[PDB]
Amino acid sequence: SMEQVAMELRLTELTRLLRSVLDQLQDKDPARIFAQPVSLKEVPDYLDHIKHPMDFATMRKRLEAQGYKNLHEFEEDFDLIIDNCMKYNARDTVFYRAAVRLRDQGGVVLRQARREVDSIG
Ligand code: NA
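Analysis parameters
- As drawn, each chain counts its residues from 1 in written sequence order, possibly unlike the entry's numbers, and residues without coordinates are not displayed.
- Excluding hydrogens and water, the side-chain figures rest on all heavy atoms present in the structure.
- Residues with missing side-chain atoms are left out of burial classes, side-chain pairs and their counts.
- Any carboxyl oxygen of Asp or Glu that lies within 4 Å of a side-chain nitrogen of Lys or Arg is treated as forming a salt bridge with it.
- A run of H or I in DSSP counts as a helix once it spans at least four residues, and a run of E counts as a strand once it spans at least two, with each numbered from the N terminus.
- Categorising residues by exposure relies on relative accessible area from a 1.4 Å probe, with only protein chains included: less than 20% of the type maximum marks a residue as buried, more than 50% marks it as exposed, and the intermediate range marks it as partly exposed.
- Each pair of aromatic rings taken from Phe, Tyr and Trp, with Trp reduced to its six-membered ring, is defined by centres within 6.5 Å and is described as stacked if the planes are under 30 degrees apart, edge-to-face if over 60, and tilted in the remaining cases.
- Inter-axis angles, ranging from 0 to 180 degrees, are taken between N-to-C directions of lines fitted to C-alpha atoms, where helices are fitted over the stretch in contact.
- Each angle gets one of four labels, with under 35 degrees taken as roughly parallel, over 145 as roughly antiparallel, 65 to 115 as roughly perpendicular, and the rest as oblique.
- What makes a crossing left-handed is the near helix being turned counterclockwise from the far one by less than a right angle; a clockwise turn instead makes it right-handed.
- Contacts between residues were defined by any pair of non-hydrogen atoms, one from each residue, lying within 4.5 Å.

As recorded in the entry header, the structure was determined using X-ray crystallography to a resolution of 1.8900 Å.

### Considering the pattern of salt bridges
In total, this model carries six salt bridges according to the counting rule given. Residue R60 is joined to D23 by a salt bridge in which the shortest nitrogen-to-oxygen separation is 2.8 Å. Of this pair, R60 sits in helix α3 (residues 56–64) while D23 sits in helix α1 (residues 2–27), and the two are 37 residues apart along the sequence. Judged by relative accessible area, which is 26%, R60 ranks as partly exposed.

### A word on the packing of aromatic side chains
For the coordinates displayed, the defined rule picks out three aromatic pairs. With a centroid separation of 5.4 Å and 75 degrees between ring planes, the pair formed by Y68 and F74 is classed as edge-to-face. Under the relative-accessibility criterion, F74 is labelled buried at 0%.

### Thoughts on the packing of α3 against helix α4 (residues 71–88)
When two helices pack together, their arrangement is captured by the angle between the axes and the distance separating the axes. Close contact between α3 and α4 brings their axes to 10 Å; oriented N to C, the two are set at 165 degrees. In terms of axis orientation, α3 runs roughly antiparallel to α4. Where α3 crosses over α4, the two elements pack in a sense that is right-handed. In contact with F56, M59 and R62 of α3, α4 contributes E73, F74, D77, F78 and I81.

In structure tokens:
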């Protein structure tokens with residue numbers, strides 16, 4: 001059906017916008033602290049602590065499968081990256097501080113993305 005096609009084209013355009021958002025967020029992490037999963041071979045107890053690990057590579061895989069149906073889903077995954085880091089790492093660490101800074105800087109990017117998704121439909 002043509003209605004199915006139109007929904008597919010909308011998902012594709014959202015995916016395109018979310019790619020640009022993901023690139024912009026990742027630019028705010030030049031140290032690449034959040035680029036890849038935590039290795040369970042190097043914080044071996046990680047999964048006793050953190051139930052839903054998340055990272056930018058994992059988000060990118062979901063995005064390339066058009067796996068985010070709306071901006072809220074994408075934001076939830078970004079917030080997991082931040083939130084997991086602020087739980088596992090103490091307030092005095094470079095990791096926790098990097099999460100705070102990414103949150104602050106990412107807020108700006110996400111604020112405009114919400115306006116563009118609403119505005120374009
Ligand atoms: Na903590």
